[PDB]
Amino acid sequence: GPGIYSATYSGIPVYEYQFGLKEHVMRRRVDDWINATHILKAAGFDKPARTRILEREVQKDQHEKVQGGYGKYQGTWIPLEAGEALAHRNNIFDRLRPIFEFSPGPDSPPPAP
């Protein structure tokens, strides 16, 4: 049962769309920035192909590299509009649309143990 959950990493509240069931995509609560590494990962790209596209394409624009600390939070972060376009271009939007069409009130529930 895929769904959007609340989580906090290094004091940073995020929305975590769980699906797969072990796959996930994170969106920040404060600025709605999304993890582009998660998106490319959902598109089926392996590690070298991901490092390639991130270096060559994604990081040519406004972005934030996160190299610490918790693994699942790490990656390259970009504005939501940039992440949505990246998902559409890699034909992965249908698997990812809940995290893009999410408009929160208070507040998303905690994840599973």
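So that there is no doubt, residue numbering starts at 1 and follows the sequence shown.
Averaged over Cα atoms, the B-factor as recorded in the entry is higher for 101-109 than for the other of 101-109 and 6-14. With 76-84 and 53-61 compared on mean CA B-factor from the PDB entry, the stretch scoring higher is 53-61. Residue 29: CA B factor in the lowest third of modelled residues in this chain (values from the PDB entry).
Remark: residue 47 belongs to the highest third of its chain, ranked by C-alpha B-factor as recorded.
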